[PDB]
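What follows is one structure encoded as structure tokens, with my remarks underneath.
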Amino acid sequence: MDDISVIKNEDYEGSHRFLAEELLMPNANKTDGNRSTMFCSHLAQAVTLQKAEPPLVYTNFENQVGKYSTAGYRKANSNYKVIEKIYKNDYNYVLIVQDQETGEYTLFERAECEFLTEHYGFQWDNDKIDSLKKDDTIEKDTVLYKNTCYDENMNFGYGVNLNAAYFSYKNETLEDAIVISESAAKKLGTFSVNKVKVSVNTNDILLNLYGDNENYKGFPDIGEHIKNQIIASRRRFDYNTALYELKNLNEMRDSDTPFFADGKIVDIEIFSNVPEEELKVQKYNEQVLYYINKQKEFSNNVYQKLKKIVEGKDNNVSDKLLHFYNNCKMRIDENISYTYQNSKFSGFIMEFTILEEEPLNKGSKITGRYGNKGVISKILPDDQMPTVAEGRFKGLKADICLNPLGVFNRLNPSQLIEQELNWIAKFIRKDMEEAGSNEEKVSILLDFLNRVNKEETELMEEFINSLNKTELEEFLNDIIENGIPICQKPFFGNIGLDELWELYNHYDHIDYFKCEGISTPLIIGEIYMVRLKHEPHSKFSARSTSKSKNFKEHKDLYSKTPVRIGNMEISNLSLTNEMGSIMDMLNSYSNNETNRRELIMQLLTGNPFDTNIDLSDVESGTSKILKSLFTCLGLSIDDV
Amino acid sequence: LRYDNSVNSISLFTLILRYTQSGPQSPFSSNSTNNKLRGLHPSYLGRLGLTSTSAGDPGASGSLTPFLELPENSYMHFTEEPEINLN
Amino acid sequence: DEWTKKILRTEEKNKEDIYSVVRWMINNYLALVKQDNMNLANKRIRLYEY
Amino acid sequence: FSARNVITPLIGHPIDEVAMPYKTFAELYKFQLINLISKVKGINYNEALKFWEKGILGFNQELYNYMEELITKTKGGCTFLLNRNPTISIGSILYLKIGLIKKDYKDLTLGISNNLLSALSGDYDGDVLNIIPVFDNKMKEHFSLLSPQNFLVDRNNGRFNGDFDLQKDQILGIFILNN
Amino acid sequence: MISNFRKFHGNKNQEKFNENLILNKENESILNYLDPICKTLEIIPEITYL
Amino acid sequence: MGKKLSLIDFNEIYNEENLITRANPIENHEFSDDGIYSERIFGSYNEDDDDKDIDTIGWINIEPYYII
Amino acid sequence: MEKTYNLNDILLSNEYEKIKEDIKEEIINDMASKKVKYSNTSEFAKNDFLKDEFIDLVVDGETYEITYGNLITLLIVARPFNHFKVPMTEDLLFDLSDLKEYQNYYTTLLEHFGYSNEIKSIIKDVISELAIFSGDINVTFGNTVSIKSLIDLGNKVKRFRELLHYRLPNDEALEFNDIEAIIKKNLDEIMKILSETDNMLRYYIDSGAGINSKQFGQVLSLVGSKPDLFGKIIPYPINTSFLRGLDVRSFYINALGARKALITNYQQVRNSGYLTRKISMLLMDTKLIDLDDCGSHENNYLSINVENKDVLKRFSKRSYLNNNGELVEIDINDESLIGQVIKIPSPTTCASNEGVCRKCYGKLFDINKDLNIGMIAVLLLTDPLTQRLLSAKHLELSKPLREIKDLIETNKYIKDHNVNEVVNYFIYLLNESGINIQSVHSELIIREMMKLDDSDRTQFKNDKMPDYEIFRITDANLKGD
Amino acid sequence: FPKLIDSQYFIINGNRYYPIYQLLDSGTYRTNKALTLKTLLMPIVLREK
Ligand SMILES: [Zn+2]
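Keeping their order, the protein sequence lines are chains E, S, B, L, G, X, H and V.
Taking the deposited numbering, I'd label the letters of the first sequence as residues 1 to 546, 556 to 649.
Take the deposited numbering: the last position of the second sequence gets the number 484, and nothing is skipped along the way.
Take the deposited numbering: the last position of the third sequence gets the number 348, and nothing is skipped along the way.
Take the deposited numbering: the last position of the fourth sequence gets the number 426, and nothing is skipped along the way.
Take the deposited numbering: the last position of the fifth sequence gets the number 50, and nothing is skipped along the way.
Take the deposited numbering: the last position of the sixth sequence gets the number 68, and nothing is skipped along the way.
Taking the deposited numbering, I'd label the letters of the seventh sequence as residues 1 to 395, 511 to 596.
Take the deposited numbering: the last position of the eighth sequence gets the number 149, and nothing is skipped along the way.
Below, the structure is given as structure tokens:
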């Protein structure tokens, strides 16, 4: 509506009720709406980080976001007791438990990775569930497995804190470009999990890519990483009766279908529609047989253990346990014909689950909570980055360097406030470390926090007075070395121009850092940084003459989708006023098959370092078909 | 229904509290040029997210406020009563 | 239908039957035509219905 | 013989020269690459393809050496056309040279000079540019009229084109030097 | 340590999310909407919805 | 459909050699040399030996009768 | 540092690169040795930097006082004279501290050495070397941004503090124009205070790198009034700076704009581009002839009205009929021709069927001969028009773009007006829209649209104007048959 | 009918689908020359002349 007089600030004062995703953004009143909406987009585009940290400057709603976003953690919902543990793989296993109140029998599943979509996934901290053994009670709110986002006390982190300085690094930090320390890039690490299906029919066999002559292994094992980005390759045969192609195991050909991924496979699920005796005779199936047997061994194992509970009259089983039991029973049961896409399939279909630690690489996009964007232009050694010299903070190196030009134009001032607060906090930490008793340290801490956030100061006084002297010393050391928590609420409770002004006036010793080779003094302060989903790999295309969807089906390493030339492109090329060469490129590259063959042949038969191509003048195949059909139509072109 | 295209464990706003004006029976349409519907309204404060939307289809989808209180006995209506009192 | 009666937010006398609803709409026609489409008071969220 | 790639800023190299990822060069110049491997190692064209297939999977110095030799020793250099769509302006398609081949398999970004960006009108925001290599020496010469060097002159005025002039970071350094 | 303080502050926020809104999907009942859809059939005299 | 373009006089361009006057799709378990699928005039899979392109066009004779 | 440098002795020496190398190395090593000191006041602080120390430069016997930094910039940008071994006249020297002039110096280099590919290569090497040194300057001198930088200035300069904490008067008498006036007054002061004080942001303000006026003032002083979804200015202004914070009411107004920007970009997807193919088709065949004079009559020469300063700029590097004589190049800098209709040789009226002559096209003949002349024209007009249409949607500003299209793509104005009136209408339409094209390119488009009723190409030398009929761009293609 | 898993999503045909709320008008929605109340079967529309 036009009327905004209805909005009265006194009504919404002290409440963040009007904020949603921006509850994760400090000093949101100071950031523009455009930057805020970009931040909201980035949070969904954010990728999981192995070494995620709770933000140094926090809004205090982050833990709630971790709590109510259930995809990252598994919490027991009742008191349980561990009946038994069954293993399918070293990495994948199931735990059967009984409700201590209902008596219902339920199960919990353990796996290394969680697959979300495409390549996106994350590894699990499975410490607690792995600790559990038979006849061990699971308390009501225990967390069996957690994501890397959550910590020991279930604090939530979507990014890492990196020391940042606004500096013009050899023009590498141009526009939204960033230079990162190699150690810092190690901190910003993601996982990639892929579920890849290879379908081998009766006439297809898998080449011995991972095996010797004595032992035939055509695909990686559960504990082995993929080599050369090839899981397996299938050769289709016209008739598998001869079995003469035993000698062909090592070689590869273009006709063979190759399946591409990199990482450690962690689970194999095989769906077989072939009788066991038919499979056993051939040695080339040996590896497959093992996993098939293993699956059956797992399934049978659950069936024997749970048959009394499920098929007993009481049937105090959860629906999950019932369906798991039924599926395993179907697997062991004969006359089980597996159908994929509503059709019965020959041979077997294998699903590999592959987990890879994907590191930060050039072209990756990283951001802060304030809508800024950055692309990693260069990763440089720690020594090459700005390092302050001849101070109490001597040898401190900046993890990331950001563009100073245009910072105010972005209309997201809050990133600077985060930097200033962590930088001033460094001085407070050194002041605590340098001198005093524990009481002096808490006094300095409480004064600084009183300057920043009164609520944090009050709660910290309570928390500190609660602590024992040993615990107090440990907490103080944690603050000195790891960092200091500072609370900057989104709208109500953040500091401003006047408060930072007072902070700078009181702390006269705090002044810019003098770096080693830099004339201009610099400020180095920690900023919270997040890793975005975009990487160059998504849009890479490269094509050489002989969508296909093979790449989506993992049959091609990279997309070979052709680029399109149109009338606009032809006009811009026609600027040269040499139309014949443009037509030659079009015919040699696309339209004319004869000229295309000539180009390929000449490129491979001519001198490597001197290439001159002569193309024959011939009507294209499309033109020939057009003339033939038109003459049948009864109309003929007169070169009008 | 919507596929889980999530790249994150963070689900509170991407999926749990997400709303869409677009639907099978939708007053909202691209051809209808519902530019007003894509915009914000003062009632949105405290109930809907002002800055949460998708650049591809702005205003079609957004995030519900974590603190939103839907009145009990109003069948998931934002207010117990409509705009005009009629009394 | 019973569902529209439950959703509707007017005195039950006006929701007893189709005639009561038509009477309520006609009597307040001028006011109801002048109501904001985007006011969240005049809107709701549904999940399982569709 | 076409490609799509993201653009990343390049420093320290001439404006016309660019840096191309390992995967990008291998596919576009595959047949040229196979020719050298067959000649150097005296192998059949199919066997040379096997060497190229092995190189595609991961960085190997040997295939990098064949790629480095091609960019170094080819007549006229290894050159291509870079277009940012929509191709509505002069300088949208540019004739450029492959100065360097990247040694990081993961790096899949084309390295371009900041001065070229204004002519293309693109941004380093994740936009992708189409790469169409030109092979024939005759075709190379004709498309050299689309080179950045020829476009230093504004066609309407005849004056120098600011599109290829110093940009934000570059201007500041010269300003501190002189002013 | 720091983690214990951070959890302590998070629990003492005083601004708490509405659990009923986040978990309303579980507390919504299909029967409430199913009953009227079935009772639309009751127009036929033979059919009565139990 | 409806276009203004030059018409062709079929009789002048007609070639008696590639004339399909045999209607049989197959002859004695073989593709008819006079059939519509004729390797001699139209070509075959071994097109490089044939030296006969897609442009090869067959003819049918309605003589002594004329059609619109 | 040495205190006397002979320019053309070093340029024509074979130690040209070594001299630059050692000076370049000396300047960056000095910057690494010392810090920059800031006083945050009008009495600047003293710094001992070699780039700011003075040397004497001798150009053909004349000594100019030039900074060490201006010397190394001059040597890098005077690479042409080392390559060609031709000395640098004093005419070519320019202010090395105003980077705007570099563009014009490159232009004089192109004209002096003949627009050759060799001089085109050297300019590219000069731009490259200049940029690489800029990175060395930037990584050694350093550049930073901070709120403490703002605080440090305001602690000394009260006006900065008062502007950094400015809040609008709460009179209801203030209006949108009054508030916008205060925005410029306090922002123009802010930029002046930053240019006149020793602060960490001084080089940004003077260089113009990474500074946008509106967005700079919203962070530092005041955001101001903002439009709603449909363009109406909301009665309430935002009386804060982003640095100081925002109000809940203000947060809704910002979100309205950010949403509006998103909706607008969704509408902006429309890009017909139909005219681009039409204009390209007619003009692709037009070529040039190496004939100095086609032969045309002065009444057949085109007549144009120099009503505005924008009009003369469009006709540079082209011929003009002086009152005393004939066929002298029009000087755009002379404002004497303002308000005078002038007779110009036009590519429309060129007699030769093969191409347009050197006098009718202009002095761009040798410059643009390598490229296709017609295609140069279509891109110079299309790229602005396509971009201007999209940029206008965000804000009578859109009307010039439509009339430009109607002029060439419809017969509304074509069928009832002469070419002399048509081209002048075209330059009027370009001036209002802001499109900067030299008139020769626009006239070439009209030249092909113009189809002779008489159907004789060489009749232009006859004093009588040939009978003709202008046509619509799509109709002219259709008229070929 | 699909069953809720983990309190916010559905698993069907091997894929993870999440239900999202829909924003709709409560009733008595305005339309050109008309006022309409939505019903399950036939919407009740008042048209003016
Ligand atoms: Zn002429």
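Each residue gets a CB set at the ideal place from its N, CA and C atoms; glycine is no exception.
First through last residue of the alpha helix (DSSP H) which encompasses residue i
{"i": "B/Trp301", "result": "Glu300 to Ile305"}
{"i": "residue 550 of chain E", "result": "Note on chain E: consecutive modelled numbers read 546 then 556, so residue 550 of chain E has no coordinates in the structure shown."}
{"i": "H/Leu187", "result": "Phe176 to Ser195"}
{"i": "E/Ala28", "result": "Premise fails: E/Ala28 is in no alpha helix (DSSP H) and is neither H nor E."}
{"i": "H/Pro515", "result": "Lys514 to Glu524"}
{"i": "E/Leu635", "result": "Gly630 to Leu642"}
{"i": "E/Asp136", "result": "Premise fails: E/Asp136 is in no alpha helix (DSSP H) and is neither H nor E."}
Per DSSP, the bridge partner or partners of residue i
{"i": "E/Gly121", "result": "E/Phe115"}
{"i": "E/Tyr145", "result": "E/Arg74"}
{"i": "V/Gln122", "result": "S/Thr417 and B/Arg344"}
{"i": "L/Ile348", "result": "L/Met267"}
{"i": "E/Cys515", "result": "E/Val388"}
{"i": "L/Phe327", "result": "L/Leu343 and L/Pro380"}
Contact with chain A by residue i, beta-carbon distance below 8 Å
{"i": "S/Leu465", "result": "Considering every chain present, this structure includes no chain A. Its protein chains are E, S, B, L, G, X, H and V."}
Secondary structure of residue i, DSSP reduced to three states
{"i": "E/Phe540", "result": "coil"}
{"i": "E/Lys344", "result": "strand"}
{"i": "H/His394", "result": "helix"}
{"i": "L/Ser394", "result": "coil"}
{"i": "L/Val287", "result": "helix"}
{"i": "residue 97 of chain V", "result": "Within the shown structure, residues of chain V are numbered from 101 to 149, placing residue 97 of chain V beyond reach of any answer."}
{"i": "B/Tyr327", "result": "helix"}
{"i": "H/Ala45", "result": "coil"}
{"i": "E/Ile205", "result": "strand"}
{"i": "E/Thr190", "result": "strand"}
{"i": "H/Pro581", "result": "coil"}
Limits of the beta strand (DSSP E) - the one that residue i falls within
{"i": "S/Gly459", "result": "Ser458 to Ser460"}
{"i": "E/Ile96", "result": "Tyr93 to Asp99"}
{"i": "E/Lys85", "result": "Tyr80 to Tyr87"}
{"i": "E/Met529", "result": "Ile524 to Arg531"}
Entirely within the region 300-351 of chain H and at least 4 residues each: give me those alpha helix (DSSP H) ranges in chain order. 309-313
Length-filtered (3 minimum) beta strand (DSSP E) runs lying within the region 350-380 of chain E: 365-367 and 373-380
Taking a cut of 7 Å between CB atoms, which residues from the region 21-35 of chain G lie near chain S? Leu21 and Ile22
Can you give me, in chain order, the residues of the region 66-79 of chain E that have a beta carbon less than 7 Å from any beta carbon in chain V? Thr70
If contact means a Cβ-Cβ distance below 7 Å, which residues of the region 392-405 of chain E contact chain H? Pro404 and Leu405
What residues in the region 114-139 of chain E bring their beta carbon closer than 9 Å to a beta carbon of chain L? none
Please give me, in chain order, every unbroken run of the alpha helix (DSSP H) with length at least 4 that falls completely inside the region 257-338 of chain E. 276-280, 286-311 and 319-332
Going along the region 243-265 of chain H in order, which residues come within less than 8 Å of chain S, judged by CB to CB distance? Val248, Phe251, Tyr252, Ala255, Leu256, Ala258, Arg259, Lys260, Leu262, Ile263 and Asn265
Closer than 7 Å between beta carbons: that is the criterion. Which residues of the region 206-230 of chain H meet it against chain S? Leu229
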